[PDB]
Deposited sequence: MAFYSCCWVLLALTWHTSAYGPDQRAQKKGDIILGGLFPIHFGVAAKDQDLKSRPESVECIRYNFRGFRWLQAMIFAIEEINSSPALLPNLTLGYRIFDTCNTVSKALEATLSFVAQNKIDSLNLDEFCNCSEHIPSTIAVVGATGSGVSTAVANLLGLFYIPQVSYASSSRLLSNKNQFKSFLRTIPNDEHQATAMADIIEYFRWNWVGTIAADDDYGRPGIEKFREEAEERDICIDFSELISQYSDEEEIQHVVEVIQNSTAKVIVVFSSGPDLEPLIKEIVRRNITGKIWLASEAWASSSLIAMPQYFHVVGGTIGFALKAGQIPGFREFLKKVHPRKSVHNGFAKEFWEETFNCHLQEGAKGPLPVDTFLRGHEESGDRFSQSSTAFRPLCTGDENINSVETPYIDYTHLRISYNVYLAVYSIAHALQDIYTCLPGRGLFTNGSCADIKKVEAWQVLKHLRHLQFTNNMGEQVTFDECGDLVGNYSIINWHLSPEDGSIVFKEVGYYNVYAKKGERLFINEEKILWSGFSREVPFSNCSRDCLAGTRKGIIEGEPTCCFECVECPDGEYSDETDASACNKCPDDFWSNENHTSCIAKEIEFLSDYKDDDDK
């Protein structure tokens, strides 16, 4: 059978699903004293449950549309990954059960690049297409490695360049970098490192973090941050991988810092806590272009613990949202409790889930509506939808082109990626609410020419959550007239000494490389300003 907690529904064609319904697994690192029992998943993820719902909603919406996959039913087998490779693989082994009892023709998921890579290695083997709604690592664009992998989220390459463009914009040359020690944080900071050095930005420190980092490991990173004159900190990490570090920085009230948030934690409920505002206030981050899902918000509200014969996560959702089953009536209202399930402004990753399901639906439709000699298969033959195999769906998904329910053109490139713009958000505090509000202060247009991609409105930004002045984050303060830039041995190029000009020489303008000799008739003034 496979895992106990699941969202299952029978159909003619089955779509697998992988969602982080829980943030992690139990802190039980067994001594292996006895036979190891299955680990239990711990922190409930309401946002993750909302994404699971977007898959079901889309599946039901397709099932109701008679012209899309006519006289056919889309079924599903959705599992909880708990943001862990092991739990995800347990589930993936169930999807591939038949391949070496209904077949899984395609899989939606996973979230974390580390989890999606592990799933892709196993699915790729059986040519089952995988459509991830959130895994953005550049490593997943390698089609020699990931033969059946596609995604409805852009690759992080431009996001890391956008970081370096923002730094170049506000004219900062002294930054620090923090990355989650996974297939997401590591390639993201590496691309950023490359782009910052192109734009002559010096990186003072480059540290690694994880959700399972020691008190010792966290201490070292906090010390590195404190012992650094760099105020700009670039962070390529997820919420769970960053939470241990942020908790400690909040505890020590380290307030100077101006955080540059990667898309994974820029909208994380684990970091966007009002208690952390003294530390995380005025964070500049990335958000994906938001999409529209009409009727979805209504569908979310219809969730009932008893009703969901199909959704086995509906009981646990009810229990966590109402500190329930104390006991539940079942007649409880979901508008009353404030959880990220309904407490959202824009559907971004949820939209990517919706878009992922529709990509598979449209790929299956192209097989179905195929005309004798216009097929993608041998001699121009068409596949039989009644006898459809996963590899056939993959062939179609590879260079799929379809029109969005918003009327927009959706296409996957040669690396199975979607290209998308980014919205730039700033972490403000709502005066009335008291909660962290994500104000859209700019955008990053990836279609624009290099140097014309970034748009920022400085006026909408609240530095450190309060300040209205762009902070200083250069290694050394600029050399004034009468002085020249001097090298500091062991320190990088944008760390300089301001050496006073020698007698007979002058420094007319600010940040001079050397002083100019006065013409033979004249001599330097009292402080070498000019002669």
Item checked: Deposited-sequence segments unaccounted for in the coordinates -> 1-19, 120-134, 360-392, 599-615
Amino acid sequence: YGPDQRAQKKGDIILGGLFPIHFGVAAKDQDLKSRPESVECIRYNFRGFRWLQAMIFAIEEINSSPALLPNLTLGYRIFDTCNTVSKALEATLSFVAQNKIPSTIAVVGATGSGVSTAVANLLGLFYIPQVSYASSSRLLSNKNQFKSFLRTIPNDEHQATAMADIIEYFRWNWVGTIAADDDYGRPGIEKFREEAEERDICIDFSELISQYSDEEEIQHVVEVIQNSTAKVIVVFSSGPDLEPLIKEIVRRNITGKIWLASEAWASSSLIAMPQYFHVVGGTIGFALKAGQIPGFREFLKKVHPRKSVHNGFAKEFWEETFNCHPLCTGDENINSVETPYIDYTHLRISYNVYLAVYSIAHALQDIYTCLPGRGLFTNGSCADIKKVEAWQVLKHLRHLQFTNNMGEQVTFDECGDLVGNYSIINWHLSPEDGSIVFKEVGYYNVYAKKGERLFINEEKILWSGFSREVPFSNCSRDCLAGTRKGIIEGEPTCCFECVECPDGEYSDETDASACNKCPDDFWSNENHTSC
From here on, numbers count along this sequence of modelled residues.
Checklist line | 514-522 or 5-13, whichever carries the higher mean Cα B-factor | finding: 514-522
Margin query: Mean CA temperature factor from the deposited coordinates, higher in 347-355 or in 189-197?
Written below: 189-197
Margin query: Among the choices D156, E248, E168, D331, identify the one whose CA B-factor in the record is greatest.
Written below: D331
Next item on the list: Specify which of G434, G75, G124, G256 carries the largest Cα B factor in the deposited PDB entry.
Entry: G434
Next item on the list: Determine, from the deposited record, the chain-internal third of the Cα B-factor for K147: lowest, middle or highest.
Entry: lowest
Next item on the list: Would you mind ranking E389 by its C-alpha B-factor against the rest of the chain and naming the third, lowest, middle or highest?
Entry: middle
Margin query: Considering every modelled residue of the chain and its Cα B-factor in the PDB entry, is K289 in the lowest, middle or highest third?
Written below: lowest
Checklist line | Chain thirds of CA B-factor: placement of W51 | finding: lowest
Checklist line | Entry-reported Cα temperature factor of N335, expressed as the chain third it lands in | finding: highest
